[PDB]
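For the sequence shown, PDB author numbering assigns the number 1 to the initial residue and increments by one for each residue that follows.
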Amino acid sequence: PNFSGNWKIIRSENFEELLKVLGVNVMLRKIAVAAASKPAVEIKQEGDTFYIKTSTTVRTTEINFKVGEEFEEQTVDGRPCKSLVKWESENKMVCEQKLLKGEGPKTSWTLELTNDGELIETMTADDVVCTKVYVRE
């Protein structure tokens, strides 16, 4: 039940298509799925407190949150939101997002650990789901 690690992406399903149905233009979509934009995710978990840094060849971002405490981040397509994570079970968290300004798709995300040690991420906007899977380095 420990998410800590240096996680490397091994599968992604429905990512470009989710951005497409959100209206992301084709230039941005092709950049988002290119090899160079592949995310490496570093997680340090201390009980309910999380630090997660996501790095690609061009960008790096850090988020710190505690389960049960609201924080700010961005939606999949980049809009500022207020987020709150809950434990669904001992190996899975679920996050609800609320946009800071204006209206939009209902977005959320999950992260869960498999006994085998994969990390599965899902991201949902309305009725469309993308799934990515990682393993530890």
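Every residue, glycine too, gets a C-beta built ideally from N, C-alpha and C.
Tell me which residues share the same chain as residue i and place their Cβ nearer than 8 Å to its Cβ, disregarding the 5 neighbours each side in the sequence.
{"i": "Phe-15", "result": "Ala-32, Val-33, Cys-130, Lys-132"}
{"i": "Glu-72", "result": "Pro-80, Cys-81, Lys-82, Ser-83, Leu-100"}
{"i": "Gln-74", "result": "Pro-80, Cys-81"}
List the endpoints of the continuous beta strand (DSSP E) containing residue i.
{"i": "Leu-84", "result": "80-89"}
{"i": "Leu-113", "result": "107-113"}
{"i": "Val-41", "result": "40-46"}
{"i": "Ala-125", "result": "118-125"}
{"i": "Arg-59", "result": "Neither: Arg-59 is in no beta strand (DSSP E) and is coded neither H nor E."}
How would you write the range of the alpha helix (DSSP H) that residue i sits in, first residue to last?
{"i": "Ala-32", "result": "26-33"}
{"i": "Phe-15", "result": "15-21"}
Exposed or buried, residue i, counting other C-beta atoms within 10 Å across all chains shown (16 or more means buried)?
{"i": "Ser-83", "result": "buried"}
{"i": "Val-21", "result": "exposed"}
{"i": "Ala-36", "result": "exposed"}
{"i": "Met-27", "result": "exposed"}
For chain C, is any of its Cβ atoms less than 8 Å away from the one on residue i?
{"i": "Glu-46", "result": "The structure shown contains no chain C; it is built from a single protein chain."}
Which same chain residues, not among the five before or five after residue i, have their C-beta less than 6 Å away from its C-beta?
{"i": "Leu-18", "result": "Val-128, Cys-130"}
{"i": "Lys-44", "result": "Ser-4, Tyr-51"}
{"i": "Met-123", "result": "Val-76, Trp-109, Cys-130"}
How about residue i and residue j: do their beta carbons lie closer than 8 Å?
{"i": "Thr-56", "j": "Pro-80", "result": "no"}
{"i": "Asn-6", "j": "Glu-137", "result": "yes"}
{"i": "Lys-66", "j": "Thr-60", "result": "no"}
{"i": "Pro-1", "j": "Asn-115", "result": "no"}
Of the choices the options, whose alpha-carbon is the least far from that of residue i?
{"i": "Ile-120", "options": "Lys-53, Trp-7, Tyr-134", "result": "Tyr-134"}
{"i": "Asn-64", "options": "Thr-122, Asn-2, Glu-42", "result": "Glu-42"}
{"i": "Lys-106", "options": "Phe-50, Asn-6, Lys-92, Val-76", "result": "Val-76"}
{"i": "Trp-87", "options": "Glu-112, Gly-78, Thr-60, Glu-13", "result": "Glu-112"}
{"i": "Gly-104", "options": "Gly-78, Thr-110, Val-85, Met-93", "result": "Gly-78"}
{"i": "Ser-108", "options": "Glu-46, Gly-102, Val-85", "result": "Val-85"}
{"i": "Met-93", "options": "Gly-102, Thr-49, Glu-62, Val-58", "result": "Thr-49"}
Taking 7 Å as the limit between beta carbons, can you name the residues of its chain near residue i, skipping five residues before and five after?
{"i": "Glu-69", "result": "none"}
{"i": "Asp-126", "result": "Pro-105, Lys-106"}
{"i": "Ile-9", "result": "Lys-38, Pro-39, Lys-132, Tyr-134"}
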